[PDB]
Colleague: 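Dropping the structure in here first, questions after.
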Amino acid sequence: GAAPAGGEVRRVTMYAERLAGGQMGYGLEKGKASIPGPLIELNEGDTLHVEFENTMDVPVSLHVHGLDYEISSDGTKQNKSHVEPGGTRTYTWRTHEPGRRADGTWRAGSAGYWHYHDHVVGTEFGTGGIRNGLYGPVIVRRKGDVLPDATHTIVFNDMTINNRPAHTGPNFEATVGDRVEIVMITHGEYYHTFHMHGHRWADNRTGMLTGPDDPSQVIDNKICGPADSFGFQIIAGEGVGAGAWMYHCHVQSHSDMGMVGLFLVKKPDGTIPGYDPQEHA
Amino acid sequence: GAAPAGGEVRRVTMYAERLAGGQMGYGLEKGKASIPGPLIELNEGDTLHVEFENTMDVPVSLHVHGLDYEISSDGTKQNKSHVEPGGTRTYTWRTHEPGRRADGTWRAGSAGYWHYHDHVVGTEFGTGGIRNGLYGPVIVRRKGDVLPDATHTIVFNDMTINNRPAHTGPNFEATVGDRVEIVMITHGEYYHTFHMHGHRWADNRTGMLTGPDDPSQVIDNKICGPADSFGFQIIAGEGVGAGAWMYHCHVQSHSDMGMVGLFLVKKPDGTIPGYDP
Amino acid sequence: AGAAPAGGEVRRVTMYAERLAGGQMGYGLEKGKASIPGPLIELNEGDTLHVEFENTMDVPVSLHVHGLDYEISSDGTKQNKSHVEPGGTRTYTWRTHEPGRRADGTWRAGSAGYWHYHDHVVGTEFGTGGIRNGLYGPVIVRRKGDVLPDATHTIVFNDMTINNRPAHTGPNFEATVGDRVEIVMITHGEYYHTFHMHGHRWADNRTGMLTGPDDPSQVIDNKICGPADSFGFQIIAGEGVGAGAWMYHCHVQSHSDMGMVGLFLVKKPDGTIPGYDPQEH
Ligand SMILES: [O-][O-]
Ligand SMILES: [Cu+2]
Ligand SMILES: [Cu+2]
Ligand SMILES: [Cu+2]
Ligand SMILES: [Cu+2]
Ligand SMILES: [Cu+2]
Ligand SMILES: [Cu+2]
Ligand SMILES: [Cu+2]
Ligand SMILES: [Cu+2]
Ligand SMILES: [Cu+2]
Ligand SMILES: [Cu+2]
Ligand SMILES: [Cu+2]
Ligand SMILES: [Cu+2]
């Protein structure tokens, strides 16, 4: 697979729901909200109309990074694009291809790893919403972008991964050789440094080197702060083989307190070498 | 609207002065000091002799990032290039173009988004003088760089933008279609994440991709730490139209405590849709 | 002087973990010669390194590496039972690969870059104790044709110290104007830092050096960094600025104020640094 040229006009329904544990989630269907919210994938040029409904007892909003949107889809109290309790609103996101402007410069596409989150709960910056779990990924693909066997979203939200209690992963499974895509988002108050054992990627738009003349740095550790978003694709177990490969924040008290999960890379027979589930507790 | 080749020897007078309620700033003429300090632009290859005068009762200095300067223009007490009270000094900053060295490798030029600040007030690293307002931006352009319709300078200085009180901006104005340049400098103790609503830029030298071969990440949110500086040009309203477009620090307590302003992009008739002055 | 050659050799080294004075711990290649930072390990892409490792201490220790290819048995984590018991021995194997075109048409990133190793088991199962105590070291993987330097120096921001040195005690590095000097910068611990050098700059890419006039990497003199970040650059000492006691420091204001400063002592050909008086520093 490779992404095709874009330009489809899409629609979807989206709800903001209270979840258990005092949380809040987005979902595509009533009663199916998740944390992180649902992954929205677009190709450059597609438009997405989001038929949005607020099912909670407090205003909420939908603010997106990186995608074209007019002020009316800003998703803020400050230009009256929030959604009252029980209210509804259609947010529109647009994307565009890159190309030469008439002044000679190059307009950058919308392609990239982006995200969306609340901007209204708690404060007019969505501090309460984001803490509760109102966030999710948006991938915009360029025509020709290689496509992954799977996509996993890792959000460092304050001292949590995906709002989970400490040392509860999440874990992610792949088989040696799968092309795995990772979307990494950070939210909240703290900086973090995302690290993956056994695996590395290029610090560019795709996480993959364009070819032999890409000078981007190849890393396995990146500092990130609130609302940063990047992603990459790795071949699971490439050059290293199967195993329970940790990913964690490398800030030493963060990993000690539980900002750790496993990238479980399995042999073809589905087993994991030297993976004693209880030696990782 | 493109930068020319440099090589001109330029001179400017700068002054350090005190300002109201504890603050201090640089000025091009006395009485006229500002926080941030004056924007300095140069073309790669230019030399700049800053004829500097400290009008304050305490020592001060002028230290610059990225530009060429000999150790005597270090702007540090450590190297004895600070400026005593009432004193004067001439700091020389030079720039160069990119080109191939003798050893055959490529030497990077001076072009970039840079800044200058005090290095001796409060501490030997400027801690009290940076806190007080003693910082400013420097742009060095390469030959061929497209020139903006405006440049606006945003300094995250601890928990403030441009040492301004919380929730007071600043706001900048443009018209849809304007090529707008933002200079972003961070100072103090805190990390930040700069975010702009409705607009995006490439994470490279200019903030614009070189072309279809430029693999630089395109972003709208950037982590920055003390003495980081970067800049970019955007077409205002490009693909998103007019309106009051927020920029802020995206650390949640920071934006909550007031690290937020507006990029007011106006329709050619001058009105901003949706905006509530 | 010159270029990195093509890799492919299988190298062996003995490495030791040893107690050092002051409650510190260090790696070394020979007994009694442990250092903080540990020894610089240098490989070319394709090289294999069998580290014959010995733990001379009374507590468990491990060797974990960033960026290189290792199988999960050389993870160096208690979690995967690749730590070394007090008095114990273990051969860690690190591999590197050249970049190249995969059968799927994408470009495989090579191992080349500025990497580091460190402990993963001392104090906590994320090595928080052994990293505090000085168990960390640089690794450089060179791509064929990489420019070699006249000298390489390693600067590790470890918590609020540089190379575990007392406040304001450097270290200092000396070069002559025109020397090609390689800096390897690693960060560790709990804190974010910004690395700054007076009178010098580099490219934010793999080598630190612009590949040519087509390379768009930002050129910087100041770089935010977090725990386990590792980058490097080569500069021409004093190029366009002359001899001098050029400070490098973390630019987080209170960090420099309280010790995170050192000196790049760049000398004229006659050995002099005019104006340099250590008592003013
Ligand atoms: O506000 O993101
Ligand atoms: Cu916002
Ligand atoms: Cu963290
Ligand atoms: Cu690791
Ligand atoms: Cu945001
Ligand atoms: Cu901030
Ligand atoms: Cu936003
Ligand atoms: Cu500075
Ligand atoms: Cu680890
Ligand atoms: Cu620091
Ligand atoms: Cu400096
Ligand atoms: Cu300095
Ligand atoms: Cu590590």
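Chain identifiers are assigned alphabetically (A, B, ...) following the order of the sequence lines, protein sequences preceding nucleic acid strands; residue numbering begins at 1 within each chain. Just so it is clear, the values below take in all heavy atoms, side chains as well, and ignore hydrogens, waters and symmetry mates.
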Colleague: Measuring only between side-chain heavy atoms, which start at C-beta, is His65(B) closer than 4.5 Å to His117(B)?
Modeller: yes

Colleague: According to the side chain to side chain donor-acceptor pair (under 3.5 Å) rule, which pairs have a member within residues 177-194 of chain B, sequence neighbours left out?
Modeller: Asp103(A)-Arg179(B), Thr105(A)-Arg179(B), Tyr113(B)-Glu181(B), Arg141(B)-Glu181(B), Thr151(B)-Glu181(B), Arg179(B)-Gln233(B), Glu181(B)-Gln233(B), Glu189(B)-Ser254(C), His192(B)-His254(B)

Colleague: Heavy atoms, side chains only, cut-off 4.5 Å: are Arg100(A) and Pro212(B) in contact?
Modeller: yes

Colleague: Can you list the residues that meet the ring pair (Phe, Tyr, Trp, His ring centres under 6.0 Å) rule with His96(A), with sequence neighbours excluded?
Modeller: none

Colleague: Less than 4.5 Å apart, side chain to side chain, heavy atoms only: is that true for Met260(C) and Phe157(C)?
Modeller: yes

Colleague: Please indicate whether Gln78(B) has more than 12 foreign heavy atoms, meaning atoms of other residues, nucleotides or ligands, lying under 6.0 Å from its CD.
Modeller: yes

Colleague: Taking the six-membered ring for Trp, are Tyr69(B) and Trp246(C) parallel (under 30°), tilted (30 to 60°) or perpendicular (over 60°)?
Modeller: perpendicular

Colleague: Does some side-chain heavy atom of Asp118(B) sit less than 4.5 Å from a side-chain heavy atom of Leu62(B)?
Modeller: no

Colleague: Decide yes or no for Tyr248(C) and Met185(C): does some side-chain heavy atom of the first lie under 4.5 Å from some side-chain heavy atom of the second?
Modeller: no

Colleague: Taking the inter-plane angle between the rings of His249(C) and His251(C) on a 0 to 90° scale, is it parallel (under 30°), tilted (30 to 60°) or perpendicular (over 60°)?
Modeller: tilted

Colleague: Hey, does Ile154(B) have a side-chain heavy atom less than 4.5 Å from the side chain of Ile161(B)?
Modeller: yes

Colleague: Decide whether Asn163(B) and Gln23(B) meet the rule of one side-chain donor and one side-chain acceptor closer than 3.5 Å.
Modeller: yes

Colleague: Test ring-ring contact (aromatic ring centres under 6.0 Å, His included) on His199(B) and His197(B) and set out the steps.
Modeller: CA-CA 6 Å; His199(B) 314 73; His197(B) 288 207; 9.6 Å; no

Colleague: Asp203(B) versus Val218(B): any side-chain heavy-atom pair under 4.5 Å?
Modeller: no

Colleague: Between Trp93(B) and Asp68(B), is the side-chain contact (heavy atoms from CB on, under 4.5 Å) condition met? List the steps.
Modeller: CA-CA 6 Å; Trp93(B) 304 336; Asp68(B) 299 323; over 6 Å; no

Colleague: When rounded to the nearest 0.5 angstrom, what is the spacing between OG1 in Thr95(B) and CH2 in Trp114(B)?
Modeller: 12.0 Å

Colleague: If I take atom CD1 from residue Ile35(B) and atom OH from residue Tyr26(B), how far apart are they, to the nearest 0.5 angstrom?
Modeller: 11.0 Å

Colleague: Are any side-chain N or O atoms of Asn172(C) and backbone N or O atoms of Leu263(C), one a donor and one an acceptor, separated by less than 3.5 Å?
Modeller: yes

Colleague: Give, for atom NE2 of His63(B) and atom CZ of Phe125(B), the distance between the pair rounded to the nearest 0.5 Å.
Modeller: 10.0 Å

Colleague: What orientation do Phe233(C) and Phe231(C) show, parallel under 30°, tilted 30 to 60°, or perpendicular over 60°?
Modeller: parallel

Colleague: Establish, from distance only, whether the side-chain atoms of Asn162(B) and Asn157(B) form a donor-acceptor pair under 3.5 Å.
Modeller: no

Colleague: Can you pull out every salt bridge (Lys or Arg N to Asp or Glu O under 4.0 Å) where at least one residue sits in residues 271-281 of chain C? Sequence neighbours excluded, please.
Modeller: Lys77(B)-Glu280(C)

Colleague: Please check if the number of heavy atoms outside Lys30(B) that lie under 6.0 Å from its NZ is greater than 12.
Modeller: yes

Colleague: Going through the checks in order, is the ring-ring contact (aromatic ring centres under 6.0 Å, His included) test met by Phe172(B) and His152(B)?
Modeller: CA-CA 7 Å; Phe172(B) 309 104; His152(B) 304 282; 4.5 Å; yes

Colleague: Side chains of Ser81(B) and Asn79(B): do they bring a donor and an acceptor to under 3.5 Å?
Modeller: no

Colleague: Testing the basics here: between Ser72(B) and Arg89(B), what is the closest heavy-atom pair and its distance to 0.1 Å?
Modeller: O-NH2, 2.9 Å

Colleague: Is it true that the side chains of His49(B) and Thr92(B) contain a donor and an acceptor less than 3.5 Å apart?
Modeller: yes

Colleague: For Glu44(B) and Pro98(B), which heavy atoms make the closest approach, and how far apart are they?
Modeller: OE1-CD, 3.3 Å

Colleague: Can you check whether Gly75(B)'s main-chain N or O pairs, donor with acceptor, with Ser61(B)'s side chain at less than 3.5 Å?
Modeller: yes

Colleague: Under 3.5 Å, is there a donor on one side chain and an acceptor on the other for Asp257(C) and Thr123(B)?
Modeller: yes

Colleague: Decide yes or no for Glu51(B) and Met14(B): does some side-chain heavy atom of the first lie under 4.5 Å from some side-chain heavy atom of the second?
Modeller: no

Colleague: Is a salt bridge present between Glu238(B) and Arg101(A), judged by a nitrogen-to-oxygen distance below 4.0 Å?
Modeller: yes

